[PDB]
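Q: Chains L and H, in that order, give the protein sequences. Residues 1 to 217 in the entry's author numbering are what the first sequence lists, from first letter to last. Residues 2 to 53, 55 to 121, 127 to 139, 147 to 227 in the entry's author numbering are what the second sequence lists, from first letter to last. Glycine residues also receive a C-beta, built at the ideal position from the N, C-alpha and C atoms. Can you read through this structure? Questions will come right after.
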Amino acid sequence: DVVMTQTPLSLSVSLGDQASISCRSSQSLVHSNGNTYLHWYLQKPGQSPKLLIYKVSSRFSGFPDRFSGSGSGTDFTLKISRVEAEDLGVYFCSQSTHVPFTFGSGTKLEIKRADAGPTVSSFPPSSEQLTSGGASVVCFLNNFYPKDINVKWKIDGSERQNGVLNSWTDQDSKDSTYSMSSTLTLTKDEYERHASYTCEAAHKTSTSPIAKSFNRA
Amino acid sequence: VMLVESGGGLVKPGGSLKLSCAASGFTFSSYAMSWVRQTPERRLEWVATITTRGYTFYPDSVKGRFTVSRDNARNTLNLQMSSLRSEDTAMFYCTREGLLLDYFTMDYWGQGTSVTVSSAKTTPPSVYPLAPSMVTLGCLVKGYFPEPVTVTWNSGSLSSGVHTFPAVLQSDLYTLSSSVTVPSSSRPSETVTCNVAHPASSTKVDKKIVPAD
Ligand SMILES: C=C1C[C@]23C[C@H]1CC[C@H]2[C@@]12CC[C@H](O)[C@@](C)(C(=O)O1)[C@H]2[C@@H]3C(=O)O
């Protein structure tokens, strides 16, 4: 098959700045008819791919002129001038000159903004859950920047990793922020066995870790 | 151009499934259509294409198992899948080969329909409330299978300040949380409720967030 590579895999640009994504083809994408069917899709968080540019440089009249495509043969580039928040997401290049039709892994586009502290909130198990014999303690690390962050749980002062599930969201396009949730699940039996429960987050914006906790007692 | 996929679901290995793609906004019969799936690793992989005159073609990884087809009268693209295998699970989209009189290239993509091939059995979710200038509340949707699940607040009203995280798998059950932030005065003054829908198990669950005692 025809392998489609992309570069870079990640990218964080400041608004009003220009972003440049490259796509490398294992074979010339020039069709015997002379056309070059290489295209660029953009899949915004939680959405499906949108055709941005096709046949190397044609703008799928949907998107603006700040989106431009170029290249030839096996090398192609996409540039986004005066970047906007709505631009964040995953950019994919694709080829239709050859069957099977293939896509590249994509390139993530992040927006560069001012560091922002997380708004962590801890939530004791819910009354309904405990009746089921289960106990989950949730913690939210909302709207922070950069994406880099660390979460640490401690039961009565001791770090716990078993029964700790984590999830991160994509960069938000309304504020260029990031959010994370963490859940420490354990049986009611063990839950009612401890007094202190804590969620500890280490982030760039603060020297000492942002700690939130509560006591079952 | 409107493409809406449907029929996604959970099938056991070796099982079969029939996906549909309803089309509107363009002369469906004068376009080749295709199916592309996005893997959990998020890779897009073409899976089938049908021609205007009915010619059909696919990649070897799928030959003898999938069959594209079209119902021009009903304006529907179809995808019949047999001998499904665990590595088949993915989000399936129908795409249109839009460059009318000039070679293959995908125009529009549909909303996508989710399909999980696994031995794990579908399980309803348990929806627990998460209550404590700005206040944050949440909901814990836990122990369900398979994906997906929709979470809305106040029947869709509260949009801003919402964080529905991606569900995580710890066994054969998923679990996800969704948070919502509102002005302190907003609650418990006004009610805040999370509505959770799990099509697989045919289950809807509303949970009004009340103060804890
Ligand atoms: C093997 C095929 C299938 C083709 C012709 C040829 C190459 C490109 C395809 C399309 C792609 C674009 C149009 O939908 C189409 C109607 C067209 O003009 O070209 C398609 C046609 C078909 O399905 O009958």
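Strictly by DSSP, which residues pair up with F140/L?
A: Working through the first sequence from its first residue, we reach residue 140/L at position 140. Answer is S121/L, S181/L.
Q: With three or more C-beta pairs closer than 8 Å as the rule, is the segment 147-156 of chain H touching the segment 190-208 of chain H?
A: Judged by Cβ distances under 8 Å, the segment 190-208 of chain H makes contact with the segment 147-156 of chain H, as three or more pairs qualify.
Q: Under 8 Å, Cβ to Cβ, is there at least one residue of chain H near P64/L?
A: Locating residue 64/L in the first sequence gives position 64, counting from the first residue. Chain H contact via Cβ: absent.
Q: Below 7 Å, is the gap between the Cβ of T52/H and the nearest heavy atom of ligand 2?
A: Among the ligands modelled here, namely ligand 1, ligand 2 does not occur.
Q: Please check if any C-beta of chain L sits within less than 8 Å of the C-beta of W36/H.
A: As a first step, residue 36/H is located in the second sequence; it is residue number 35 there, counting from the start. With 8 Å as the cut-off, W36/H does not count as an interface residue toward chain L.
Q: Could you give the residue range of the beta strand (DSSP E) that holds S192/H?
A: Translated into the one-based positions of the second sequence, residue 192/H becomes position 178. That run of the beta strand (DSSP E) goes 188-197.
Q: Closest by CA to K55/L, which one among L42/L, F76/L, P45/L, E159/L?
A: What you label residue 55/L is simply residue 55 of the first sequence in a count that begins at 1. Here the closest residue by C-alpha is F76/L.
Q: Would you say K65/H faces chain L, with C-beta separation under 8 Å as the test?
A: On the second sequence, residue 65/H is found 63 positions in, with the first residue counted as 1. No - not a single Cβ of chain L is within 8 Å of the one on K65/H.
Q: What are the residues that DSSP puts in a beta bridge with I51/H?
A: Against the second sequence, residue 51/H aligns to sequence position 50. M34/H, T58/H.
Q: Please name the residue, chosen from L4/H, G16/H, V5/H, that lies closest to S121/H on a Cα-to-Cα basis.
A: Numbered from 1 along the second sequence, position 119 holds the residue referred to as residue 121/H. For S121/H, the nearest C-alpha among the options comes from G16/H.
Q: For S173/L, which of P45/L, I210/L, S72/L, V13/L has the nearest alpha-carbon?
A: Along the first sequence, one-based indexing puts residue 173/L at 173. Here the closest residue by C-alpha is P45/L.
Q: For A138/H, does the three-state DSSP call read helix, strand or coil?
A: Here residue 138/H refers to the residue found at position 131 when the second sequence is read from its first residue. Residue state, collapsed to three classes: coil.
Q: Less than 8 Å separating the beta-carbons of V2/H and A23/H?
A: If you number the second sequence from 1, residue 2/H lands on position 1. If you number the second sequence from 1, residue 23/H lands on position 22. Taking 8 Å as the Cβ cut-off, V2/H and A23/H do not qualify as a contacting pair.
Q: How many Å lie between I149/L and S182/L at the Cα?
A: Stepping through the first sequence from its first residue, residue 149/L is reached at position 149. Stepping through the first sequence from its first residue, residue 182/L is reached at position 182. Going from the Cα of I149/L to the Cα of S182/L covers about 12 Å.
Q: What is the rounded straight-line gap between the Cα of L183/H and the Cα of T189/H?
A: As a working note, residue 183/H is residue 169 in the second sequence. As a working note, residue 189/H is residue 175 in the second sequence. Cα to Cα, the separation comes out at about 7 Å.
Q: When the distance is taken between beta carbons, is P131/H closer than 8 Å to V210/H?
A: In the second sequence, the residue the question calls residue 210/H occupies position 196. In the second sequence, the residue the question calls residue 131/H occupies position 124. Cβ distance not < 8 Å, so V210/H and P131/H don't count as in contact.
Q: Are the C-beta atoms of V182/H and some chain L residue less than 8 Å apart?
A: Here residue 182/H corresponds to residue number 168 of the second sequence, with the count starting at 1. Closer than 8 Å to some Cβ of chain L, the Cβ of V182/H qualifies, so yes.
Q: Count the CB pairs spanning the segment 51-66 of chain L and the segment 34-43 of chain L that are closer than 8 Å, and state whether there are at least three.
A: With the cut-off at 8 Å, the segment 51-66 of chain L and the segment 34-43 of chain L touch.
Q: What in chain H is Cβ-close to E128/L, meaning under 9 Å?
A: The count along the first sequence starts at 1 and reaches residue 128/L at position 128. Here the neighbours are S133, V134, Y135, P136, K221.
Q: Does the beta-carbon of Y60/H, which I'm using as the reference point, lie nearer than 7 Å to any heavy atom of ligand 1?
A: The residue given as residue 60/H occupies position 58 in the second sequence. No, since every heavy atom of ligand 1 falls outside the 7 Å radius drawn around the Cβ of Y60/H.
Q: Does any residue of chain L bring its CB to less than 8 Å from the CB of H177/H?
A: Sequence index remark: in the second sequence, residue 177/H carries index 163 (1-based). Yes, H177/H counts as interfacial toward chain L.
Q: Provide the residue span of the beta strand (DSSP E) that contains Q129/L, from first to last.
A: Position 129 of the first sequence, counted from the start, is the residue given in the question as residue 129/L. From DSSP, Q129/L is part of no beta strand (DSSP E) but of the alpha helix (DSSP H) over 127-131.
Q: What span of residues does the alpha helix (DSSP H) with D189/L cover, start to end?
A: For the purposes of this step, residue 189/L is taken as the residue at position 189 of the first sequence. Per DSSP, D189/L belongs to the alpha helix (DSSP H) from 188-191.
Q: Chain H partners of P100/L, CB-CB under 7 Å?
A: By 1-based counting over the first sequence, the position of residue 100/L is 100. Under the 7 Å cutoff, chain H gives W47, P61.
Q: Taking Cβ positions only, does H39/L come closer than 8 Å to chain H?
A: In the first sequence, residue 39/L corresponds to position 39, counting from 1. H39/L counts as touching chain H.
Q: In the DSSP output, which residue or residues are listed as bridge partners for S14/L?
A: As a first step, residue 14/L must be located in the first sequence, where it is residue number 14. Per DSSP, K112/L.
Q: Starting from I149/L, follow its DSSP beta bridges and name the residues at the other end.
A: Along the first sequence, read from residue 1 onward, the residue named residue 149/L stands at position 149. Per DSSP, none; premise fails for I149/L.
Q: What residues in the segment 95-116 of chain H have a beta carbon less than 9 Å from any beta carbon of chain L?
A: Listed by position, the residues of the segment 95-116 of chain H near chain L (Cβ gap below 9 Å) are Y95, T97, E99, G100, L101, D104, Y105, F106, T107, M108, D109, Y110, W111, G112, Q113, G114.
Q: Excluding the 5 residues flanking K221/H on each side, which residues of the same chain have their C-beta closer than 7 Å to its C-beta?
A: As a position in the second sequence, residue 221/H is number 207, starting the count at 1. If we look at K221/H and ignore the five residues flanking it on each side, its Cβ neighbours are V134, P136, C153, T207, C208.
Q: Answer yes or no: does any C-beta atom of chain L fall closer than 8 Å to that of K128/H?
A: The sequence position of residue 128/H within the second sequence is 121, counting from 1. So no, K128/H is outside the interface.
Q: Determine the chain L residues that contact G152/H at a beta-carbon separation under 9 Å, and present them in chain order.
A: Looking up residue 152/H in the second sequence gives position 138. Here the neighbours are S121, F123, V138, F140, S181.
Q: Mind reading off the beta-carbon distance from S22/L to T7/L? Whole number of angstroms is fine, and I expect it under 8 Å.
A: In the first sequence, the residue the question calls residue 22/L occupies position 22. In the first sequence, the residue the question calls residue 7/L occupies position 7. So it is a contact: roughly 5 Å between Cβ atoms.
Q: Could you name the residues that DSSP lists as bridge partners for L172/H?
A: Taking the first residue of the second sequence as 1, we reach residue 172/H at position 158. Answer by DSSP bridge pairing: none, since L172/H is not bridged.
Q: Quick one: is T205/H buried, meaning 16 or more other Cβ sit within 10 Å of its Cβ, or exposed?
A: Working through the second sequence from its first residue, we reach residue 205/H at position 191. Per the 10 Å Cβ criterion, exposed.
Q: Taking the alpha carbon of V137/L as the point to measure from, which residue in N143/L, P125/L, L29/L, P146/L has its own alpha carbon closest?
A: Indexing the first sequence from 1 puts residue 137/L at position 137. The shortest C-alpha separation from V137/L is found at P125/L.
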